[PDB]
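To start, the structure under review is shown below, and the notes come after it.
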Amino acid sequence: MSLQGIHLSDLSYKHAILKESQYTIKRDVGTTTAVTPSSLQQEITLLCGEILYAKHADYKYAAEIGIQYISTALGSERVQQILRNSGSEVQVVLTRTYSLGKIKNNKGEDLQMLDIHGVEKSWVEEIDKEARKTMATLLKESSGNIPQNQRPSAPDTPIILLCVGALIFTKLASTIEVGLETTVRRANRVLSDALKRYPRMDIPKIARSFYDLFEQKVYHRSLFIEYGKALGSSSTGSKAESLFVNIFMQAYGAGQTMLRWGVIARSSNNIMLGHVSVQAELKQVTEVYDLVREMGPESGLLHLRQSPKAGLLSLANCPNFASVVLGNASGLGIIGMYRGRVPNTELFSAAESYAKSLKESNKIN
Amino acid sequence: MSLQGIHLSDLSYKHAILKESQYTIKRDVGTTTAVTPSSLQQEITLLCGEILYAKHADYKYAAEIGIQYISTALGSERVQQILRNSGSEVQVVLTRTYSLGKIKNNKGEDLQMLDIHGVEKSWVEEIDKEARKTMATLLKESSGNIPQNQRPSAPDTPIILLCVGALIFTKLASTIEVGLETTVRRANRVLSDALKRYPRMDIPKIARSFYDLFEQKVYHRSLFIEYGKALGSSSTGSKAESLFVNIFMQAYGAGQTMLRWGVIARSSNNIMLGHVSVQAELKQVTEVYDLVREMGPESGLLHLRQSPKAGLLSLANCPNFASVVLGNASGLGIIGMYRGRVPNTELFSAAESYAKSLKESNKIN
Amino acid sequence: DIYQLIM
Amino acid sequence: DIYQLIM
RNA sequence: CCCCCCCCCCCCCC
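So, in structure tokens, the structure goes:
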């Protein structure tokens, strides 16, 4: 009689399969990583500040120093707990201060330098000596012209480093070249005050270091996210911290621009959504959006965390809906240089024509 | 006075017969299988990378090495529990590291190699020796030109092997020839970064090994499935793990493409669904879909698990609905080379004509 | 010199 | 006196 | 008896 019982609900079933698992995976059984006790927070800020105000030969572990500052902020045992809950069996190693040698400091004690697991001491020593030589040259050239906010010991230098890190984080679903170019361009504006304070922070090299660290140590991504979550939950903060949370929130829906652009296509009243090919797929489209609603707030972080569950949110099996959505994005000028493939060129062209006509014209409702 | 009480509900009754059984079945009572303790993950990773970067005369046990990695990722005791819950009495055996002999490694210790149950040690020795010879030749050709990502010790090489295995897993309701062709064709594209890093992994032979393993050791299918379940539930992961989960979801509705194609034919509004011969069968069609809803998310894995309960999901007793569904799929051009039988040729032809007419024309709702 | 490769 | 800077 | 096709994902701007 009626074709009413013909219904499948496959995507809900796939998410039920993935979500309801009673065995946890074990990765990185014999590996180790470094954290810093919060007591050393000052001594890491200085490090984060010495990467910034001098031109360095190598920037391999700048991202690691930012992660070390995050470790001081959250706490070493909390970072152990975060990494453990991320699904990785990495064993934390604790940062230790060691005497450099016969070198003496201004306070009369031995010069204590940080010792970070996985970061060779030669790199830290050379960064420290290079920054010290740079400050010596600046003091020799100009006397009394160095304020506090132009020094490596400024409290927000770790946050500036991590702001470059958050810029590169926003483009973790893109490629390295596009990510680096976007980071440099957006850092020239977003981090303009910091760049004016530190005119020789190598943003491209720091950003490349952050991309390398995010690719090598995926669990650190989760650590990064926790910092953002722990930062947006603070009662007060600095302007650099608010900027970091702004970039971190801009990273949210990364790797799912088709869902947002489909919402935009619906909002624009694109009549090519009424095409029969799109109607034949609106059921699975709504099912993907229902999956988003079911996953909840953590669904946006799926691609940033590089969760294997990501891909259930893909709208790639609705080629006509995707073509109409991309056409509507192109007609509004939104698409930019988005490289997502367009299956149906006719629907793309029709949607672009309607979107151009709608945007160019004006109406009163 | 009315024909309202005439009803049987036979398929639900058959499902309640098969499901509500107080007696479990015992199989594989005298048999044994191999697992590797998670603490040897590193040692198995190397092996999973040494089948990848050399050209081997024999690829018999590659699937076994992938299962060994799955065992290390899940845990030997948890894998024993999984194999017990699949309904098998196979006695797990534990992998043992043994010294090769007088041969010593770079660190000055005895070279420890894995000893897997059921795998001849000679096979492991020849795989390791061929891989070592291949890398020696490659370093003779070029000095210092081998990054980490082209080495067997890369952490994702077991995942690459298991992705070839998952490609062969997607085609487990097909035949061996079609499955092998599909795996090679899809692996040339999907596993392209791996094939660039490892230019001499014999995908056909590894795929045949995985097909064999899934034939003799059916319980390992369950193990495979658990890995996917355990892998899509992780907060983070590698790119290769996301690829594995993507193929594993692509394997979901395997063996039940007529249900999906009937949902399509309903979404395609094929008018020949309204033919009286099909109308006489929509009630049992609806019962089949009701059975899918009753089984729930585990209904998609019925054919992958090779459950005897599979076949209750068959629409083969509704020949006219099957003919109309196949005709609608053929008209839309999605039937491909599907070899399902078409009982009613006239309904097939009419449905295909209507679906072609619908696809060619464009309408706006 | 085959068994001391770094891998 | 490079190491006696205030930083 | 059943089954049988095809297909990673991502990618803009702020």
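Residue numbers (the authors' numbering), protein chains in the order written: chain A, 1 to 365; chain C, 1 to 365; chain D, 10 to 16; chain B, 10 to 16.
Just so you know, even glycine gets a beta-carbon here, dropped at the ideal spot from N, CA and C.
Where do the ends of the beta strand (DSSP E) carrying residue i lie?
i: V184(C); result: Counting along the chain, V184(C) falls outside any beta strand (DSSP E), though it belongs to the alpha helix (DSSP H) covering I176 to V190.
i: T31(A); result: Neither: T31(A) is in no beta strand (DSSP E) and is coded neither H nor E.
Rounded to whole angstroms, what is the Cα-Cα separation between residue i and residue j?
i: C318(C); j: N365(A); result: 52 Å
i: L358(A); j: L332(A); result: 9 Å
i: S330(C); j: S314(A); result: 26 Å
i: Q4(C); j: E281(C); result: 17 Å
i: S143(A); j: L213(A); result: 39 Å
i: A251(C); j: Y198(C); result: 25 Å
i: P343(C); j: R341(A); result: 39 Å
i: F321(A); j: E346(A); result: 12 Å
i: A350(A); j: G179(A); result: 32 Å
i: residue 366(C); j: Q279(A); result: Nothing can be reported for residue 366(C), as the shown portion of chain C is limited to 1 through 365.
i: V184(A); j: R200(A); result: 13 Å
i: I335(C); j: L11(A); result: 22 Å
i: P204(A); j: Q150(A); result: 21 Å
i: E141(C); j: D115(C); result: 32 Å
i: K283(C); j: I168(C); result: 36 Å
i: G327(C); j: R305(A); result: 44 Å
i: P297(A); j: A131(A); result: 42 Å
i: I176(C); j: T182(C); result: 10 Å
i: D110(A); j: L100(A); result: 7 Å
i: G108(C); j: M16(D); result: 16 Å
i: residue 423(C); j: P308(A); result: Residue 423(C) cannot be examined here, being either before or after the span of chain C that is shown, 1 to 365.
i: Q68(C); j: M249(C); result: 22 Å
i: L191(A); j: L243(A); result: 9 Å
i: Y354(C); j: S361(C); result: 11 Å
i: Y23(C); j: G30(C); result: 20 Å
Should residue i be labelled buried (16 or more other beta-carbon atoms within 10 Å of its own) or exposed?
i: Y338(A); result: exposed
i: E294(A); result: exposed
i: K217(C); result: buried
i: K14(A); result: buried
i: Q148(C); result: exposed
i: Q256(C); result: buried
i: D10(D); result: exposed
i: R260(A); result: exposed
i: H7(C); result: exposed
i: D58(A); result: exposed
i: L18(C); result: exposed
i: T32(A); result: exposed
i: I25(C); result: exposed
At which residues does the alpha helix (DSSP H) containing residue i begin and terminate?
i: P158(C); result: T157 to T170
i: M295(A); result: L282 to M295
i: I225(C); result: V218 to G232
i: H15(C); result: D10 to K19
Task: Runs of alpha helix (DSSP H) lying entirely within the region 51 to 134 of chain C, each at least 4 residues, in chain order - done: Uninterrupted alpha helix (DSSP H) stretches at least 4 residues long and entirely within the region 51 to 134 of chain C occur at 62 to 74 and 76 to 85, given in chain order.
TODO: Return the chain-ordered ranges of every alpha helix (DSSP H) run that is complete within the region 316 to 346 of chain C and spans a minimum of 4 residues.
DONE: Listed in chain order, they are 319 to 332.
TODO: Kindly provide the ranges of any alpha helix (DSSP H) runs that are 4 or more residues long and lie completely inside the region 236 to 280 of chain C, ordered along the chain.
DONE: Annotation: the region 236 to 280 of chain C contains the following complete segments of the alpha helix (DSSP H) (minimum length 4 residues), in chain order: 239 to 250, 257 to 267 and 276 to 279.
Task: Contact residues within the region 134 to 152 of chain A, judged by C-beta distance below 8 Å to chain B - done: For the region 134 to 152 of chain A, which is checked against every Cβ of chain B, the residues closer than 8 Å are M135, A136, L139, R151 and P152.
Task: the region 230 to 247 of chain C: positions lying closer than 9 Å to chain A by Cβ - done: Under the 9 Å Cβ criterion, the region 230 to 247 of chain C contributes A230, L231, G232, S233, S234, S235, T236, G237, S238, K239, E241, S242, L243, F244, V245 and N246.
TODO: Identify each residue in the region 294 to 311 of chain A for which the Cβ-Cβ distance to at least one residue of chain C is less than 7 Å, and report them in chain order.
DONE: Only those residues of the region 294 to 311 of chain A whose C-beta falls short of 7 Å from the nearest C-beta of chain C are listed: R305, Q306, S307, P308, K309, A310 and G311.
Task: Residues from the region 58 to 91 of chain C in contact with chain A, defined by Cβ distance under 8 Å - done: The region 58 to 91 of chain C vs chain A, Cβ under 8 Å: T72, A73, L74, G75, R78 and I82.
- [ ] With 7 Å as the C-beta to C-beta threshold (strictly closer), list the residues of the region 264 to 289 of chain C near chain A in chain order.
- [x] For the region 264 to 289 of chain C, which is checked against every Cβ of chain A, the residues closer than 7 Å are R266, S267, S268, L273, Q279, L282, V285, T286 and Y289.
Task: Proximal residues, the region 208 to 232 of chain A versus chain C, C-beta separation under 7 Å - done: If you check each beta-carbon in the region 208 to 232 of chain A against every beta-carbon of chain C, the ones closer than 7 Å belong to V218, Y219, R221 and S222.
- [ ] Closer than 7 Å, Cβ to Cβ, to anything on chain A: give me those residues from the region 28 to 47 of chain C, in chain order.
- [x] Taking 7 Å as the upper bound on Cβ-Cβ separation, chain A lies near residues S38, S39, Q41 and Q42 of the region 28 to 47 of chain C.
Open item on the list: Using a Cβ-Cβ cutoff of 9 Å, what residues of the region 152 to 183 of chain A are near chain C? List them in chain order.
Closed with: Those residues of the region 152 to 183 of chain A that come within reach of chain C (Cβ to Cβ, closer than 9 Å) do not exist; the list is empty.
Open item on the list: Please identify, using Cβ separations under 7 Å, the residues of the region 186 to 199 of chain A that lie next to chain C, in order along the chain.
Closed with: Going along the region 186 to 199 of chain A in chain order, one finds no residue with a Cβ nearer than 7 Å to chain C.
TODO: Output, in sequence order along the chain, the residues in the region 323 to 353 of chain C whose CB is closer than 7 Å to any CB in chain A.
DONE: Listed by position, the residues of the region 323 to 353 of chain C near chain A (Cβ gap below 7 Å) amount to none.
Task: chain D contacts from the region 119 to 132 of chain C (Cβ-Cβ distance under 7 Å) - done: The region 119 to 132 of chain C vs chain D, Cβ under 7 Å: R132.
Open item on the list: Against chain B, which members of the region 93 to 105 of chain A pass a CB distance test of less than 9 Å?
Closed with: Cβ contacts with chain B come from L100, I103, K104 and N105.
- [ ] Determine which residues of the region 4 to 25 of chain C have a Cβ less than 8 Å from any Cβ of chain A, and write them out in chain order.
- [x] Listed in sequence order: no entries.
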